[PDB]
Amino acid sequence: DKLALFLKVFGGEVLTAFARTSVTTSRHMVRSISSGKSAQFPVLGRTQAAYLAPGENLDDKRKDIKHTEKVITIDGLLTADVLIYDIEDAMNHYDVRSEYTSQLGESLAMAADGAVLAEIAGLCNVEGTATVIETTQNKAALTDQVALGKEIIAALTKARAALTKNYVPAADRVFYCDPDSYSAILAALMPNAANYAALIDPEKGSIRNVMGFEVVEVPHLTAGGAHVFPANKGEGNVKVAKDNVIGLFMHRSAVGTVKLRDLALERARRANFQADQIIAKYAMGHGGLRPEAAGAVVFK
Amino acid sequence: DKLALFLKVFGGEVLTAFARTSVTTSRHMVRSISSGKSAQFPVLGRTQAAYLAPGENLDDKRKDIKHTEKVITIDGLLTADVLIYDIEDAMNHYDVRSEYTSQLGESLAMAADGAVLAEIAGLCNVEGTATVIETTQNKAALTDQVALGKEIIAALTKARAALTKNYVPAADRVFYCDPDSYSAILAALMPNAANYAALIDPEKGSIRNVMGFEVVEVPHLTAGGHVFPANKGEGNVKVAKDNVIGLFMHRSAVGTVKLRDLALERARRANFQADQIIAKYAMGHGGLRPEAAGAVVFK
Amino acid sequence: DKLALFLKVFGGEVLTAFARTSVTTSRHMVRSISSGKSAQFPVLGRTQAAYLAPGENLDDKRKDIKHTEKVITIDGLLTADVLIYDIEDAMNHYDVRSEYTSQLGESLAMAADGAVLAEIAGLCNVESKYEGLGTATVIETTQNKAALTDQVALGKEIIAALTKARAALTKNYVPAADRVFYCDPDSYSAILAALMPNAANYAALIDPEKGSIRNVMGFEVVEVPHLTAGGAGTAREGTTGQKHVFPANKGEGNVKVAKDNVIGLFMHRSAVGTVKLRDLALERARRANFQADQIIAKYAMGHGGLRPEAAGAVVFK
Amino acid sequence: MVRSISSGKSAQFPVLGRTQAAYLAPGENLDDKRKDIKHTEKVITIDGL
């Protein structure tokens, strides 16, 4: 019986473990939908024209808009698991449990990221509205630090710019950068010394607001090979892949997804050549959902 | 019952949602009518010599003038809506319910935007009469931040010339501009020192007073009455749209009335398989005494 | 709600007539339940056995290609209705009520059956195939349909035609035993001088009206008075632009099994069939547009799946 | 990594050669790659005081 309760404790440790490894939890959508193997959303758009008189009828006005609806759904399953070999599994476990929990937990998000990531750039890569931006001619020439904050930021101006005219508010948004170029390398941003209180990071792993959006990041970007994010391909009509690419721009409510049954862990004994096995599962995943606009930056 | 309750929370939600993307509520003039179709606004009297050394009275020379309230009324019911296919109902709330509130509200403002814009375009385009300023250089000579930040400010001076030399209550006034411009001017302000986050203004969702005026940058600048030869490059009328960004005003140079808060309801049609919503708003758009208006020019 | 009480009865009379009308009610995959906006149907396969030796492995038997089974969702609104006035519903009940039911039903049903043909058609234009190695050409006419007239002519080459339609059902493995065969009412008279020219067997060999033809050697015979027409999963009745409009229009210059080169479409059981939305509902309203009190009955359904294998038929040329 | 123990004077813990998470239809099961692996985890113990 007790060996059964222990599992509940492990599950609590996990879910809680998905955070702090949390990359993107907020800053995009999600829903509790039960038994729906799929789910959908609106598209439409913001636009307006002249107005009614007691004469005629409103009906005609809606011709051009081409209202649109869009649906996505779960794909395969999503998880790894771990094969314990524990007597200790019952007890003594303060160190061991932590180790085990981390190893799946961070992994789950580490899959989760790219699935919600690269496909955005894809949405920018078909021919979202469109966007891109750069500085002069290469990263070859431009190397040295503090310039590496400069050209970037200088781009960020235009970043805030095209955030308009397609509308959407600036109220909240975030850019997921790459940890190398990360922070502007904080120099150009902060040629100040001892104040990160001034840069407002009350934990949460987040640099406070810059002009436009907000700047955080996790390592790199990849998932979908483990879609199309041709880091290898320079152009081939599609430039928004990695190599090049840049720390990212996210535009309010461009994505999210549906998860059914939340997270469930299954515990087993598979005895072929064995110790013992546990199983946790997640059914959701996605790329998708018809963003309004978006973009990235490259060097060329 | 349940549906009505949902609709009721709705109205609230989008009510509070309206003023957000709304470019103007205050910083302008309005009234709440009671049952009236119309109204009228006194421009009134401001100059008074008040030298009373007894003789005559207020005289016929003072009787000869306009000072006539341009009356005003609705242009007809001004409201818009969008059709939906209902699934969410009383579930899937917060997110995805808010999407419709959104889709309607910003539009409900969006027209009003060009409206108060439209009056300004109308105001000095026909042939006092507050006015413009031109270039310092042609559109082709307009390239980067450094340049196009400054000439705005260069304009600002003689822009104030009208604000002042023409009298007017120098207390409170606003300037309207576009993000392409907004960028430029602010870029003229502080290329140095990080980000505009440093500007301590945004809590009021505004711009604390810059030289003269006050700053509210526009989203759009295209609606109707636009009614003015926006499309035309010039065709005289140098006041037109898409020559430039320089439109500006001051308080009580326009404004209008409305009807008894804001309400709405829905119903199906089923011609095609749906249940759709209708908001209803009065507003209208009042013109008024000309002053504080004009622009820069690219020519 | 007297109308609601009667509305249900009308729905019952509708669905009945409907099922009566169409070719597809059974003989295809039907899966649906509450709130499912999608569904997936396992392609699988079966050979195996119940046999084994202690040792080896059970699991060893698997190593199989694909169970992914293509989860698919609904195609959107599908609706056919009419305009009408109160009295037949208000009492009336009788003949008029019963009659209208069909009046909507057959048209909707006729569209529904053709939807499967449309969806099936796109994936097989001139094959795809290659368990289930291949299909078989149904080939030869022994003389052209131009010259084919009487029922003792076709019937002789009809039994000769489906001979290899008794072939592809073998080479694909599968329970080829209980199956179906579709044709045209132009050939309605053909089986007569084929099946049993001695008298017409009714009280002896049985074979009365079964709602279809009691099984001949292989297959079976039912009929669908038109072919290329129909469509589903959309705002429906219209000139065209439907997906199914399969390339029947091109008979030769390749494009062999394309319709109107053919008669005898031979296919098997459970190659297709789809989802549907939560039983069926409908309702009325007032319009007054032109004195209008009218009804609406809408559908969702869904569409087909499985492997790229489509039928075949007899030929010319 | 740092373990703990009570009077063990020795211990064993796992290694990191294979893991991820992934996605599949119920077509197949994993662990072939896992069969290809060498060892799994090895133990360790005290050295002196």
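Keeping their order, the protein sequence lines are chains A, F, G and B. In terms of PDB author numbering, the first sequence is residues 23 to 149, 160 to 258, 270 to 343. In terms of PDB author numbering, the second sequence is residues 23 to 149, 160 to 257, 270 to 343. In terms of PDB author numbering, the third sequence is residues 23 to 152, 157 to 343. So in PDB author numbering, the last one in the fourth sequence is 99, and the numbering has no gaps at all. Don't be surprised by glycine CBs; every beta carbon is placed ideally from N, CA and C.
Here G:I55 is exposed. Its C-beta has fewer than 16 other C-beta atoms within 10 Å.
As the crow flies, the alpha-carbon of F:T167 is around 12 angstroms from that of F:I185. Under the 8 angstroms criterion on CB atoms, G:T260 is classed as non-interfacial with respect to chain F. Taking a Cβ-Cβ threshold of 7 angstroms, the residues of chain A close to F:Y228 are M243, in chain order.
In the DSSP annotation of this structure, the continuous segment of the beta strand (DSSP E) that includes A:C209 starts and ends at 207 to 209. Residue state for A:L308 is assigned as strand, using DSSP reduced to three classes. Under the three-pair Cβ rule at 8 angstroms, the segment 45 to 54 of chain A counts as touching the segment 293 to 300 of chain A.
Non-local C-beta neighbours of A:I289 in its own chain, meaning closer than 6 angstroms and more than five positions away in sequence, comprise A339, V340, ordered along the chain.
With a threshold of 16 other beta carbon atoms within 10 Å, A:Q317 falls short and is exposed.
By the Cβ rule, the segment 69 to 85 of chain A counts as touching the segment 94 to 108 of chain F, because three or more pairs are nearer than 8 angstroms. For G:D233, same chain residues with a beta-carbon under 8 angstroms away, outside a window of 5 residues either side, are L221, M222, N227, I239, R240 in chain order.
Residue pairing of F:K285 in beta bridges, as defined by DSSP: F:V288.
Within the segment 312 to 341 of chain F, contact with chain G at the beta-carbon level (separation under 8 angstroms) is assigned to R312, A314, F316, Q317. The three-state secondary structure of G:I321, taken from DSSP, is strand. The beta carbon of A:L100 sits closer than 8 angstroms to some beta carbon of chain B. Contact of G:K343 with chain B is not assigned, every C-beta pair being separated by 8 angstroms or more. A straight line joining the alpha-carbon of F:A131 with that of F:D176 spans about 32 angstroms. For the segment 82 to 94 of chain G, the set of residues with a beta-carbon nearer than 9 angstroms to any beta-carbon of chain B comprises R84, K85, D86, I87, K88, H89, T90, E91, in chain order. Assigned with DSSP and collapsed to three states, F:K83 falls in helix.
Under the three-state reduction of DSSP, A:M132 is assigned to helix. By the CB criterion at 8 angstroms, G:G279 and G:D286 fall outside the cutoff. The DSSP-derived three-state label of F:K24 is helix. For the segment 41 to 74 of chain G, the set of positions with a beta-carbon nearer than 9 angstroms to some beta-carbon of chain A reads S56, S57, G58, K59, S60, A61, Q62 in chain order. Linking F:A284 to A:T161 through their CA atoms gives a straight-line distance of about 29 angstroms. Relative to the Cα of A:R312, the nearest Cα in the group A:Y107, A:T95, A:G67 belongs to A:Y107. Using a Cβ distance threshold of 8 angstroms, A:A193 and F:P211 count as a contacting pair.
When Cβ-Cβ separations below 8 angstroms define contact, A:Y199 makes no contact with chain B. Ranked by how close their Cα comes to the Cα of A:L105, the residues A:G330, A:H329, A:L308, A:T69 have A:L308 in first place. Across the set F:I94, F:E246, F:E121, the C-alpha of F:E121 shows the shortest separation from the C-alpha of F:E35. When the beta-carbon positions are compared, G:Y199 and G:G136 stay at least 8 angstroms from each other. With a threshold of 8 angstroms between beta carbons, F:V104 makes contact with chain A.
Between F:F207 and F:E246, the gap from beta carbon to beta carbon is short of 8 angstroms.
Fully enclosed beta strand (DSSP E) runs of no fewer than 3 residues occupy 207 to 209 of the segment 179 to 236 of chain F, in order along the chain.
By the criterion of a C-beta distance shorter than 6 angstroms, F:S44 is surrounded in its chain by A131, once the five residues flanking it on both sides are discounted. If you compare the alpha carbons of G:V242, G:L231, G:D23 with that of G:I217, the shortest gap goes to G:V242.
For the C-beta of A:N170, not a single chain B residue is nearer than 7 angstroms; the gap to the nearest is close to 35 angstroms.
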